[PDB]
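Asker: I have a structure I would like to understand better, so I am pasting it below and will then ask my questions one at a time.
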Amino acid sequence: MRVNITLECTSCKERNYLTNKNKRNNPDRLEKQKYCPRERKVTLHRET
Amino acid sequence: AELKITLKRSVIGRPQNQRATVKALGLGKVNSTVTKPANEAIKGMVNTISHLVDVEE
Amino acid sequence: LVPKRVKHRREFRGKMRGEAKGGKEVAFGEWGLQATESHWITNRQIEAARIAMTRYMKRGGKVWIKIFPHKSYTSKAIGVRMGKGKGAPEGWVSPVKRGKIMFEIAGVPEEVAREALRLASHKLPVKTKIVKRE
Amino acid sequence: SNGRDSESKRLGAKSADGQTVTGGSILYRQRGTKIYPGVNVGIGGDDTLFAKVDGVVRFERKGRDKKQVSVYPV
RNA sequence: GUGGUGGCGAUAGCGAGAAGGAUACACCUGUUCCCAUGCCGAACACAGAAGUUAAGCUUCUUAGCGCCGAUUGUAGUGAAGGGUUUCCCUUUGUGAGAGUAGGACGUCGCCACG
RNA sequence: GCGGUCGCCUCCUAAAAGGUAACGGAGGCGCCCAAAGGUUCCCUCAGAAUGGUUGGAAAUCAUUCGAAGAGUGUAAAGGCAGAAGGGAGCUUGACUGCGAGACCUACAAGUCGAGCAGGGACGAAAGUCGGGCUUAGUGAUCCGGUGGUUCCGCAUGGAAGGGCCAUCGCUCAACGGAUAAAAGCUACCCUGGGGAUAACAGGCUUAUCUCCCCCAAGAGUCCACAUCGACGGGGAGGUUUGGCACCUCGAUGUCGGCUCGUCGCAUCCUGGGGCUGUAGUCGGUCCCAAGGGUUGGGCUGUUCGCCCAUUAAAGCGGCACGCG
RNA sequence: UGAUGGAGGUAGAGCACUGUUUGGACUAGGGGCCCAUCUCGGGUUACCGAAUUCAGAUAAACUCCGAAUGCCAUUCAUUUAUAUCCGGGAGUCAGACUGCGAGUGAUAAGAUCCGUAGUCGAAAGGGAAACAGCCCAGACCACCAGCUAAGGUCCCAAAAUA
Ligand SMILES: [K+]
Ligand SMILES: [K+]
Ligand SMILES: [K+]
Ligand SMILES: [K+]
Ligand SMILES: [K+]
Ligand SMILES: [K+]
Ligand SMILES: [K+]
Ligand SMILES: [K+]
Ligand SMILES: [K+]
Ligand SMILES: [K+]
Ligand SMILES: [K+]
Ligand SMILES: [K+]
Ligand SMILES: [K+]
Ligand SMILES: [K+]
Ligand SMILES: [K+]
Ligand SMILES: [K+]
Ligand SMILES: [K+]
Ligand SMILES: [K+]
Ligand SMILES: [K+]
Ligand SMILES: [K+]
Ligand SMILES: [K+]
Ligand SMILES: [Mg+2]
Ligand SMILES: [Mg+2]
Ligand SMILES: [Mg+2]
Ligand SMILES: [Mg+2]
Ligand SMILES: [Mg+2]
Ligand SMILES: [Mg+2]
Ligand SMILES: [Mg+2]
Ligand SMILES: [Mg+2]
Ligand SMILES: [Mg+2]
Ligand SMILES: [Mg+2]
Ligand SMILES: [Mg+2]
Ligand SMILES: [Mg+2]
Ligand SMILES: [Mg+2]
Ligand SMILES: [Mg+2]
Ligand SMILES: [Mg+2]
Ligand SMILES: [Mg+2]
Ligand SMILES: [Mg+2]
Ligand SMILES: [Mg+2]
Ligand SMILES: [Mg+2]
Ligand SMILES: [Mg+2]
Ligand SMILES: [Mg+2]
Ligand SMILES: [Mg+2]
Ligand SMILES: [Mg+2]
Ligand SMILES: [Mg+2]
Ligand SMILES: [Mg+2]
Ligand SMILES: [Mg+2]
Ligand SMILES: [Zn+2]
């Protein structure tokens with residue numbers, strides 16, 4: 001089951017990115033180091 | 001040197017390219033005559049509509 | 001004669017123009033039947049000509065059928081209006097263009113060969129003539 | 001049941017050999033690299049050949065059996 | 001001459017045969033070293049210079065294959081016409097593919113050691 | 001009408017730019033991947049022969065040949081072996097703000113994009129990276145949900161409620177989406193139009209149909225051709241079953257019968273003739289021949305057809321399937 | 001219109017790929033026949049025969065190749081006179097046939113659907129007997145003048161009993 005997901009910056013809680021993932025292949029919340037435009041630096045974003 | 005070209009055939013029922021060639025040569029009504037230089041371009045136009053015109057030196 | 005397999009169930013009727021591309025000379029047999037006109041030839045016509053030729057030859061000698069009915073043609077049943085897709089395949093044909101050597105024969109005297117080819121020609125729909133090997 | 005077909009994608013050459021084009025002009029639309037990008041030419045994500053800089057378009061042959069597009073500024 | 005390194009559509013290739021290592025390149029000896037194999041110092045990496053042109057590589061011969069390929073003719077066809085018009089023919093211009101005559105066992109550069 | 005179809009991608013049709021229709025010929029899509037993305041490094045396949053425990057055509061291994069005959073998540077086309085294919089390490093550029101200029105295009109959209117800035121991944125560096133070899137994997141607005149926001153806040157401060165930004169809720173698949181919300185009968189029917197469009201007749205076509213031929217394997221005791229003639233081939237006719245939709249829908253009356261006929265000949269009888277597997281009487285087949293003639297009933301609306309009884313014969317067709 | 005340079009895979013042709021395919025050679029191998037059966041090893045049909053090879057075909061959805069044309073472009077050349085853009089006003093969205101290239105159809109249709117050029121539509125005049133779409137040719141008018149196109153010249157009926 002592949003679903004659209006939102007990656008939110010952990011630092012400022014800003015829903016910066018939209019992506020998608022297969023729940024079965026990745027049961028746990030995804031986490032990626034992405035650039036947060038609000039904070040203007042690379043931060044850890046975790047699916048919401 | 002020179003080419004005296006006379007239109008001996010109607011342009012009705014002819015391809016638009018041939019009609020445009022006649023117009024570019026500057027011929028009008030049937031039997032309309034013009035004189036042009038003997039350039040390669042002019043001779044090419046004459047060859048294109050050879051079946052509609054008669055050419056003299 | 002029918003192809004074992006076909007890439008496409010249905011096919012264009014096509015167009016025949018000019019001399020045949022190849023096979024305009026007798027290759028295997030001593031004598032051959034050359035088409036002087038272009039026309040479709042059905043597997044039925046090919047078979048009829050072949051049977052006539054063999055029967056007159058008394059199975060003495062060898063016969064080659066140079067042409068093969070690769071193409072298929074469809075049709076629509078009576079009472080079927082135009083449209084609703086192409087018709088179901090009906091028969092098989094070989095587009096034969098003038099100059100094609102449809103049949104060849106060998107291992108028989110000249111008169112027997114000429115008579116056998118004459119019978120085959122009357123079975124076929126194209127005008128033909130006899131051609132000897134070179 | 002037949003009767004389906006996609007919209008034509010207007011592929012092919014969009015600039016003539018010997019033509020002057022502004023930088024970034026699309027020169028050739030293609031599926032795959034039917035023609036390769038040459039001098040001052042880039043290839044887009046969908047294989048489209050575009051001019052990097054202003055210049056004259058030239059279609060050369062890349063070796064024995066491959067074509068190529070270059071843009072030569074004047 | 002050899003080693004690097006490039007340009008030009010293989011006319012630069014392939015096959016076959018032959019000669020050479022002066023240097024050079026090579027095989028070649030090892031795994032202590034950085035480095036490594038989903039096992040193997042075979043590879044890659046490193047150290048070294050006993051032996052050998054055997055192979056690679058360079059040079060040379062070879063038209064067997066591959067490659068290039070004129071001319072002529074023809075198919076097709078633009079244009080103008082004709083015919084008995086699913087097709088065919090004439091004039092004019094263009095003109096292949098194929099088959100061939102032949103060409104070709106490469107050439108044009110730069111660097112270093114000789 | 002029934003069946004099929006409706007949006008998007010690929011090929012052929014498509015006539016060597018592009019585009020190009022048909023209820024034309026073929027297939028696919030409504031996803032998938034946390035790597036099957038990025039980068040650095042490295043690697044080259046499918047098959048075949050030969051040899052080899054279980055092991056056999058074919059599991060795994062080795063040598064050789066092997067230029068792609070493999071693979072490329074997923075259809076096809078194009079492309080890729082200087083890889084876009086395969087393996088490993090590290091990573092998240094499957095980045096943010098954009099964007100000269102282009103392609104496509106009625107609009108809405110769609111596509112490509114160097115380059116600039118911010119801050120990064122890989123790599124020594126060059127440099128590559130704004131997803132995947134490319135091209136489908138999608139849906140306008142309205143309305144609503146969620147998060148953010150230095151925006152507004154109906155006297156003022158708040159609030160309520162909005163705006164902006166981000167994103168979610170479409171088989172609105174009839175896929176440019178009528179409405180938040182909808183199936184049928186009409187022969188009780190009615191109106192406005194159309195010969196733009198069917199049924200009758202005409203027209204065109206002649207596949208089918210009727211008729212006539214070609215070849216002659218054969219049947220005919222022998223013997224292709226007295227007679228019949230397979231497998232095939234070629235025509236004529238315009239009476240059949242059809243195809244098209246050209247006149248007529250501000251009306252061209254439809255079957256059968258009756259009355260009246262008239263014409264064609266591919267002749268049912270009568271007339272002339274050739275051949276005969278013609279002894280004779282009968283015939284068979286073919287040729288010429290359209291002058292005349294070619295029936296009365298039972299059944300059925302019938303045409304047709306069967307039957308009864310006759311006749312020299314009980315012809316086949318056209319004439320708006322002649323003639324309201 | 002010429003010159004020059006390009007993009008592209010059609011006609012044609014070809015078999016280098018993929019399909020379809022014919023004959024020959026050879027045969028892996030499969031077949032039934034007998035011996036040998038532990039069904040084991042032959043010996044067979046010019047038995048059938050894969051793949052290979054030779055020769056020969058074939059293709060809208062094959063291509064080692066590949067035109068003529070058309071197309072794009074050039075501060076180019078000759079001739080010519082339109083092209084853009086901005087705005088006011090429209091009508092058109094039933095087309096027809098003819099020639100050529102295709103599909104559908106039956107290589108039928110005055111059929112249907114495209115591409116392409118012409119004409120009709122919206123075009124009178126001459127020819128084709130009559131005959132929108134074919135051939136010749138574009139009517140501003142007057143003439144009891146002349147020359148020609150297609151097509152014609154024995155009579156209807158102008159012109160050759162050339
Ligand atoms: K015949
Ligand atoms: K070593
Ligand atoms: K050596
Ligand atoms: K060579
Ligand atoms: K990787
Ligand atoms: K709709
Ligand atoms: K009723
Ligand atoms: K009627
Ligand atoms: K007929
Ligand atoms: K006849
Ligand atoms: K007899
Ligand atoms: K009516
Ligand atoms: K008689
Ligand atoms: K009579
Ligand atoms: K009755
Ligand atoms: K009658
Ligand atoms: K009445
Ligand atoms: K082939
Ligand atoms: K083709
Ligand atoms: K205007
Ligand atoms: K047309
Ligand atoms: Mg397409
Ligand atoms: Mg992409
Ligand atoms: Mg040649
Ligand atoms: Mg074209
Ligand atoms: Mg095209
Ligand atoms: Mg990949
Ligand atoms: Mg207030
Ligand atoms: Mg719609
Ligand atoms: Mg009632
Ligand atoms: Mg009414
Ligand atoms: Mg009316
Ligand atoms: Mg009508
Ligand atoms: Mg009528
Ligand atoms: Mg119509
Ligand atoms: Mg009336
Ligand atoms: Mg008679
Ligand atoms: Mg009647
Ligand atoms: Mg009446
Ligand atoms: Mg062809
Ligand atoms: Mg029509
Ligand atoms: Mg009108
Ligand atoms: Mg007129
Ligand atoms: Mg009128
Ligand atoms: Mg005169
Ligand atoms: Mg007179
Ligand atoms: Mg005379
Ligand atoms: Zn943040």
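Ordered as shown in the structure tokens, chains take letters A, B, and onward, while each chain numbers its residues from 1 and ligands are numbered from 1 in the order shown.
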Near residue 20 (chain B), counting only C-alpha atoms (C1' of nucleotides), which residues have an atom at most 12 Å away, once you skip same-chain residues fewer than 5 positions from it, shown as a VMD selection string?
Answerer: (chain B and resid 11 14 to 15 25 to 28 45 48 to 49) or (chain G and resid 1 79 to 82)
Asker: Could you list, as a PyMOL selection string, every residue within 7 Å of residue 73 (chain G), counting only C-alpha atoms (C1' of nucleotides) and ignoring same-chain residues fewer than 2 positions away?
Answerer: chain D and resi 16-19
Asker: Please, which residues of chain B lie no more than 9 Å from chain G when the count uses only C-alpha atoms (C1' of nucleotides), and can they be set out as a PyMOL selection string?
Answerer: chain B and resi 9-10+12-16+21+23-26+36-37+39-46+48
Asker: Return as a list in words every polymer residue, whether protein, DNA or RNA, with at least one atom no more than 12 Å from an atom of ligand 32; count only C-alpha atoms (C1' of nucleotides) and all ligand atoms.
Answerer: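 Counting only what the definition allows, namely only C-alpha atoms (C1' of nucleotides) and all ligand atoms, the set is residues 193, 194, 195, 196, 247, 248, 249, 250 and 251 of chain F.
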Asker: For those residues, write N, CA and C atoms (P, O5', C5', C4', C3', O3' and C1' of nucleotides) to a file as a PDB file, in the first residue's frame.
Answerer:
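Printed below is out27.pdb as written:
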ATOM      1  P     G F 193     -42.171  24.138 -38.439  1.00  0.00           P
ATOM      2  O5'   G F 193     -40.693  23.575 -38.503  1.00  0.00           O
ATOM      3  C5'   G F 193     -40.306  22.681 -39.528  1.00  0.00           C
ATOM      4  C4'   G F 193     -38.973  22.059 -39.221  1.00  0.00           C
ATOM      5  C3'   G F 193     -38.433  21.111 -40.271  1.00  0.00           C
ATOM      6  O3'   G F 193     -37.788  21.790 -41.329  1.00  0.00           O
ATOM      7  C1'   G F 193     -38.247  20.119 -38.139  1.00  0.00           C
ATOM      8  P     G F 194     -38.005  21.306 -42.838  1.00  0.00           P
ATOM      9  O5'   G F 194     -37.066  20.034 -42.972  1.00  0.00           O
ATOM     10  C5'   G F 194     -35.681  20.122 -42.684  1.00  0.00           C
ATOM     11  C4'   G F 194     -35.050  18.760 -42.654  1.00  0.00           C
ATOM     12  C3'   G F 194     -35.372  17.857 -43.830  1.00  0.00           C
ATOM     13  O3'   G F 194     -34.578  18.138 -44.968  1.00  0.00           O
ATOM     14  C1'   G F 194     -35.630  16.658 -41.811  1.00  0.00           C
ATOM     15  P     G F 195     -35.198  18.919 -46.225  1.00  0.00           P
ATOM     16  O5'   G F 195     -35.262  17.820 -47.370  1.00  0.00           O
ATOM     17  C5'   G F 195     -35.968  16.603 -47.174  1.00  0.00           C
ATOM     18  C4'   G F 195     -35.032  15.430 -47.028  1.00  0.00           C
ATOM     19  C3'   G F 195     -34.281  15.025 -48.293  1.00  0.00           C
ATOM     20  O3'   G F 195     -33.041  14.434 -47.923  1.00  0.00           O
ATOM     21  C1'   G F 195     -35.605  13.237 -47.591  1.00  0.00           C
ATOM     22  P     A F 196     -31.652  15.149 -48.258  1.00  0.00           P
ATOM     23  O5'   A F 196     -31.160  15.671 -46.843  1.00  0.00           O
ATOM     24  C5'   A F 196     -31.209  14.833 -45.696  1.00  0.00           C
ATOM     25  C4'   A F 196     -29.912  14.883 -44.936  1.00  0.00           C
ATOM     26  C3'   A F 196     -29.901  14.154 -43.598  1.00  0.00           C
ATOM     27  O3'   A F 196     -28.610  13.606 -43.365  1.00  0.00           O
ATOM     28  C1'   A F 196     -29.411  16.429 -43.251  1.00  0.00           C
ATOM     29  P     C F 247     -30.978  13.808 -52.210  1.00  0.00           P
ATOM     30  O5'   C F 247     -32.134  13.483 -53.249  1.00  0.00           O
ATOM     31  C5'   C F 247     -32.205  14.175 -54.484  1.00  0.00           C
ATOM     32  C4'   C F 247     -33.590  14.129 -55.073  1.00  0.00           C
ATOM     33  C3'   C F 247     -34.733  14.170 -54.076  1.00  0.00           C
ATOM     34  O3'   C F 247     -35.086  15.484 -53.700  1.00  0.00           O
ATOM     35  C1'   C F 247     -35.078  12.404 -55.610  1.00  0.00           C
ATOM     36  P     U F 248     -35.349  15.824 -52.161  1.00  0.00           P
ATOM     37  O5'   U F 248     -36.794  15.239 -51.862  1.00  0.00           O
ATOM     38  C5'   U F 248     -37.919  15.718 -52.572  1.00  0.00           C
ATOM     39  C4'   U F 248     -39.037  14.708 -52.610  1.00  0.00           C
ATOM     40  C3'   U F 248     -39.655  14.302 -51.286  1.00  0.00           C
ATOM     41  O3'   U F 248     -40.569  15.256 -50.779  1.00  0.00           O
ATOM     42  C1'   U F 248     -39.335  12.397 -52.655  1.00  0.00           C
ATOM     43  P     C F 249     -40.200  16.151 -49.503  1.00  0.00           P
ATOM     44  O5'   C F 249     -40.546  15.210 -48.268  1.00  0.00           O
ATOM     45  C5'   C F 249     -41.885  14.810 -48.028  1.00  0.00           C
ATOM     46  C4'   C F 249     -42.097  14.306 -46.623  1.00  0.00           C
ATOM     47  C3'   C F 249     -41.749  15.247 -45.484  1.00  0.00           C
ATOM     48  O3'   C F 249     -42.809  16.147 -45.212  1.00  0.00           O
ATOM     49  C1'   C F 249     -41.095  12.987 -45.000  1.00  0.00           C
ATOM     50  P     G F 250     -42.558  17.723 -45.083  1.00  0.00           P
ATOM     51  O5'   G F 250     -43.663  18.364 -46.027  1.00  0.00           O
ATOM     52  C5'   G F 250     -45.038  18.304 -45.687  1.00  0.00           C
ATOM     53  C4'   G F 250     -45.793  19.481 -46.246  1.00  0.00           C
ATOM     54  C3'   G F 250     -45.673  19.701 -47.748  1.00  0.00           C
ATOM     55  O3'   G F 250     -46.657  18.965 -48.453  1.00  0.00           O
ATOM     56  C1'   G F 250     -45.399  21.763 -46.556  1.00  0.00           C
ATOM     57  P     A F 251     -46.293  18.114 -49.760  1.00  0.00           P
ATOM     58  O5'   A F 251     -45.491  16.868 -49.194  1.00  0.00           O
ATOM     59  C5'   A F 251     -46.117  15.928 -48.330  1.00  0.00           C
ATOM     60  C4'   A F 251     -45.960  14.523 -48.845  1.00  0.00           C
ATOM     61  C3'   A F 251     -46.880  14.157 -50.003  1.00  0.00           C
ATOM     62  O3'   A F 251     -46.202  13.272 -50.886  1.00  0.00           O
ATOM     63  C1'   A F 251     -47.276  12.704 -48.189  1.00  0.00           C
TER      64        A F 251
END
Asker: Residues within 8 Å of ligand 40 should be enumerated using only C-alpha atoms (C1' of nucleotides) and all ligand atoms and returned as a PDB file with C-alpha atoms (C1' of nucleotides), in the first residue's frame.
Answerer:
ATOM      1  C1'   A G  11       8.547   4.800 -53.200  1.00  0.00           C
ATOM      2  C1'   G G  12      12.044   1.464 -54.804  1.00  0.00           C
ATOM      3  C1'   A G  13      15.043  -2.191 -53.461  1.00  0.00           C
TER       4        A G  13
END
Asker: Taking only C-alpha atoms (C1' of nucleotides) and all ligand atoms into account, which residues are within 9 Å of ligand 11, as a PDB file with C-alpha atoms (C1' of nucleotides), in the first residue's frame?
Answerer:
ATOM      1  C1'   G F 220     -20.392 -43.031 -69.472  1.00  0.00           C
ATOM      2  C1'   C F 222     -14.313 -49.112 -74.743  1.00  0.00           C
ATOM      3  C1'   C F 223     -14.711 -43.759 -75.461  1.00  0.00           C
ATOM      4  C1'   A F 224     -13.498 -36.161 -71.499  1.00  0.00           C
ATOM      5  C1'   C F 225     -16.698 -33.641 -74.732  1.00  0.00           C
ATOM      6  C1'   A F 226     -24.501 -38.531 -76.892  1.00  0.00           C
ATOM      7  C1'   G F 277     -25.098 -44.120 -76.017  1.00  0.00           C
TER       8        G F 277
END
Asker: Could you give me, as a PDB file with N, CA, C and O atoms (P, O5', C5', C4', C3', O3' and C1' of nucleotides), in the first residue's frame, every polymer residue with an atom at most 7 Å away from an atom of ligand 22, counting only C-alpha atoms (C1' of nucleotides) and all ligand atoms?
Answerer:
ATOM      1  N   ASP D   5      -5.580   5.750 -29.539  1.00  0.00           N
ATOM      2  CA  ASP D   5      -4.296   6.270 -29.981  1.00  0.00           C
ATOM      3  C   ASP D   5      -3.991   7.515 -29.171  1.00  0.00           C
ATOM      4  O   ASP D   5      -4.899   8.259 -28.794  1.00  0.00           O
ATOM      5  N   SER D   6      -2.713   7.727 -28.897  1.00  0.00           N
ATOM      6  CA  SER D   6      -2.283   8.872 -28.115  1.00  0.00           C
ATOM      7  C   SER D   6      -2.097  10.095 -29.008  1.00  0.00           C
ATOM      8  O   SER D   6      -2.084  10.007 -30.236  1.00  0.00           O
ATOM      9  N   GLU D   7      -1.964  11.251 -28.368  1.00  0.00           N
ATOM     10  CA  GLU D   7      -1.723  12.484 -29.101  1.00  0.00           C
ATOM     11  C   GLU D   7      -0.300  12.515 -29.632  1.00  0.00           C
ATOM     12  O   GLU D   7       0.651  12.165 -28.930  1.00  0.00           O
ATOM     13  N   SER D   8      -0.154  12.944 -30.880  1.00  0.00           N
ATOM     14  CA  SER D   8       1.171  13.071 -31.464  1.00  0.00           C
ATOM     15  C   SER D   8       1.986  14.082 -30.672  1.00  0.00           C
ATOM     16  O   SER D   8       1.457  15.078 -30.176  1.00  0.00           O
ATOM     17  N   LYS D   9       3.281  13.817 -30.545  1.00  0.00           N
ATOM     18  CA  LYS D   9       4.145  14.600 -29.678  1.00  0.00           C
ATOM     19  C   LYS D   9       5.001  15.605 -30.433  1.00  0.00           C
ATOM     20  O   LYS D   9       5.922  16.176 -29.848  1.00  0.00           O
TER      21      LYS D   9
ATOM     22  P     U F  10       3.039   8.868 -26.801  1.00  0.00           P
ATOM     23  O5'   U F  10       3.252   7.366 -27.260  1.00  0.00           O
ATOM     24  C5'   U F  10       4.373   6.635 -26.805  1.00  0.00           C
ATOM     25  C4'   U F  10       4.456   5.285 -27.460  1.00  0.00           C
ATOM     26  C3'   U F  10       4.125   5.217 -28.934  1.00  0.00           C
ATOM     27  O3'   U F  10       5.169   5.687 -29.762  1.00  0.00           O
ATOM     28  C1'   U F  10       3.056   3.449 -27.817  1.00  0.00           C
TER      29        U F  10
END
Asker: Show me which residues are within 12 Å of ligand 39 counting only C-alpha atoms (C1' of nucleotides) and all ligand atoms, and format the list as a PDB file with C-alpha atoms (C1' of nucleotides), in the first residue's frame.
Answerer:
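Final output, part.pdb:
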ATOM      1  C1'   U F 252     -44.220   9.283 -54.283  1.00  0.00           C
ATOM      2  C1'   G F 253     -50.282   4.491 -50.815  1.00  0.00           C
ATOM      3  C1'   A F 320     -43.303   2.308 -59.289  1.00  0.00           C
ATOM      4  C1'   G F 322     -47.376  -2.477 -64.191  1.00  0.00           C
ATOM      5  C1'   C F 323     -52.252  -1.248 -63.134  1.00  0.00           C
ATOM      6  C1'   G F 324     -56.269   1.631 -55.538  1.00  0.00           C
TER       7        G F 324
END
Asker: Please return, as a PyMOL selection string, all residues of chain F lying within 7 Å of chain C when only C-alpha atoms (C1' of nucleotides) are considered.
Answerer: chain F and resi 23-25+215+231-233+242-243
Asker: Just the selected residues (N, CA and C atoms (P, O5', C5', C4', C3', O3' and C1' of nucleotides)), exported as a PDB file, in the first residue's frame, please.
Answerer:
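Result saved to out-v6.pdb:
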ATOM      1  P     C F  23     -15.145   6.060 -35.824  1.00  0.00           P
ATOM      2  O5'   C F  23     -15.595   4.760 -35.031  1.00  0.00           O
ATOM      3  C5'   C F  23     -14.707   3.662 -34.887  1.00  0.00           C
ATOM      4  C4'   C F  23     -15.322   2.380 -35.386  1.00  0.00           C
ATOM      5  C3'   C F  23     -15.923   2.456 -36.786  1.00  0.00           C
ATOM      6  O3'   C F  23     -15.716   1.229 -37.477  1.00  0.00           O
ATOM      7  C1'   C F  23     -17.597   1.839 -35.232  1.00  0.00           C
ATOM      8  P     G F  24     -15.113   1.249 -38.961  1.00  0.00           P
ATOM      9  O5'   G F  24     -13.638   1.811 -38.783  1.00  0.00           O
ATOM     10  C5'   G F  24     -12.675   1.090 -38.032  1.00  0.00           C
ATOM     11  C4'   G F  24     -11.553   0.595 -38.908  1.00  0.00           C
ATOM     12  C3'   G F  24     -10.550  -0.325 -38.246  1.00  0.00           C
ATOM     13  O3'   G F  24     -11.001  -1.660 -38.160  1.00  0.00           O
ATOM     14  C1'   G F  24      -9.400   1.324 -39.470  1.00  0.00           C
ATOM     15  P     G F  25     -10.526  -2.582 -36.944  1.00  0.00           P
ATOM     16  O5'   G F  25      -8.989  -2.842 -37.244  1.00  0.00           O
ATOM     17  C5'   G F  25      -8.587  -3.518 -38.423  1.00  0.00           C
ATOM     18  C4'   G F  25      -7.108  -3.793 -38.408  1.00  0.00           C
ATOM     19  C3'   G F  25      -6.571  -4.393 -37.125  1.00  0.00           C
ATOM     20  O3'   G F  25      -6.780  -5.787 -37.038  1.00  0.00           O
ATOM     21  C1'   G F  25      -5.200  -2.598 -37.776  1.00  0.00           C
ATOM     22  P     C F 215     -12.007 -24.994 -73.604  1.00  0.00           P
ATOM     23  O5'   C F 215     -11.143 -25.451 -72.359  1.00  0.00           O
ATOM     24  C5'   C F 215      -9.888 -24.855 -72.096  1.00  0.00           C
ATOM     25  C4'   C F 215      -9.241 -25.497 -70.905  1.00  0.00           C
ATOM     26  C3'   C F 215      -9.402 -27.001 -70.817  1.00  0.00           C
ATOM     27  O3'   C F 215      -8.442 -27.679 -71.604  1.00  0.00           O
ATOM     28  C1'   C F 215      -9.888 -26.005 -68.717  1.00  0.00           C
ATOM     29  P     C F 231     -15.806 -28.773 -57.208  1.00  0.00           P
ATOM     30  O5'   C F 231     -14.237 -28.541 -57.193  1.00  0.00           O
ATOM     31  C5'   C F 231     -13.407 -29.263 -56.301  1.00  0.00           C
ATOM     32  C4'   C F 231     -11.958 -29.098 -56.668  1.00  0.00           C
ATOM     33  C3'   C F 231     -11.500 -27.669 -56.883  1.00  0.00           C
ATOM     34  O3'   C F 231     -11.164 -27.027 -55.666  1.00  0.00           O
ATOM     35  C1'   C F 231     -10.751 -29.029 -58.671  1.00  0.00           C
ATOM     36  P     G F 232     -11.723 -25.562 -55.329  1.00  0.00           P
ATOM     37  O5'   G F 232     -10.793 -24.588 -56.171  1.00  0.00           O
ATOM     38  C5'   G F 232     -11.336 -23.749 -57.178  1.00  0.00           C
ATOM     39  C4'   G F 232     -10.379 -23.591 -58.326  1.00  0.00           C
ATOM     40  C3'   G F 232     -10.640 -22.422 -59.254  1.00  0.00           C
ATOM     41  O3'   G F 232     -10.149 -21.195 -58.760  1.00  0.00           O
ATOM     42  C1'   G F 232     -10.359 -24.351 -60.540  1.00  0.00           C
ATOM     43  P     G F 233     -11.084 -19.895 -58.776  1.00  0.00           P
ATOM     44  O5'   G F 233     -10.934 -19.367 -60.265  1.00  0.00           O
ATOM     45  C5'   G F 233      -9.648 -19.168 -60.821  1.00  0.00           C
ATOM     46  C4'   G F 233      -9.712 -19.019 -62.315  1.00  0.00           C
ATOM     47  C3'   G F 233     -10.672 -17.969 -62.835  1.00  0.00           C
ATOM     48  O3'   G F 233     -10.173 -16.652 -62.748  1.00  0.00           O
ATOM     49  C1'   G F 233     -11.002 -19.948 -64.034  1.00  0.00           C
ATOM     50  P     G F 242     -32.562  -9.133 -47.326  1.00  0.00           P
ATOM     51  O5'   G F 242     -31.010  -8.798 -47.388  1.00  0.00           O
ATOM     52  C5'   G F 242     -30.542  -7.558 -47.894  1.00  0.00           C
ATOM     53  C4'   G F 242     -29.060  -7.614 -48.154  1.00  0.00           C
ATOM     54  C3'   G F 242     -28.304  -6.303 -48.093  1.00  0.00           C
ATOM     55  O3'   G F 242     -28.007  -5.900 -46.773  1.00  0.00           O
ATOM     56  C1'   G F 242     -27.658  -7.488 -50.022  1.00  0.00           C
ATOM     57  P     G F 243     -28.096  -4.354 -46.370  1.00  0.00           P
ATOM     58  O5'   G F 243     -26.853  -3.709 -47.112  1.00  0.00           O
ATOM     59  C5'   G F 243     -25.531  -4.053 -46.746  1.00  0.00           C
ATOM     60  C4'   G F 243     -24.533  -3.320 -47.597  1.00  0.00           C
ATOM     61  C3'   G F 243     -24.703  -1.816 -47.663  1.00  0.00           C
ATOM     62  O3'   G F 243     -24.097  -1.151 -46.573  1.00  0.00           O
ATOM     63  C1'   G F 243     -24.456  -2.679 -49.848  1.00  0.00           C
TER      64        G F 243
END
Asker: Set the cut-off to 9 Å and count only C-alpha atoms (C1' of nucleotides): what are the residues of chain F that reach chain A? Output as an NGL selection string.
Answerer: :F and (32-34 or 92 or 94-97 or 118-120 or 147-148 or 166-167)
Asker: Quick one: DSSP alpha helix (DSSP H) residues in chain C, as a list in words?
Answerer: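 DSSP-assigned alpha helix (DSSP H) residues in chain C: residues 43, 44, 45, 46, 47, 48, 49, 50, 51, 52, 53, 54, 55, 56, 57, 110, 111, 112, 113, 114, 115, 116, 117, 118, 119, 120, 121, 122 and 123 of chain C.
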Asker: Each residue of region 38-143 of chain G with at least one atom at most 12 Å from region 17-31 of chain C should appear once, together with its nearest atom pair and the corresponding distance in Å (one decimal); atoms considered: only C-alpha atoms (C1' of nucleotides); ordering: chain, then increasing residue number; output as JSON lines.
Answerer:
{"residue": "G:55", "atom": "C1'", "partner": "C:27", "partner_atom": "CA", "distance": 8.5}
{"residue": "G:56", "atom": "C1'", "partner": "C:23", "partner_atom": "CA", "distance": 7.3}
{"residue": "G:57", "atom": "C1'", "partner": "C:23", "partner_atom": "CA", "distance": 6.9}
{"residue": "G:58", "atom": "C1'", "partner": "C:22", "partner_atom": "CA", "distance": 9.7}
{"residue": "G:107", "atom": "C1'", "partner": "C:17", "partner_atom": "CA", "distance": 11.9}
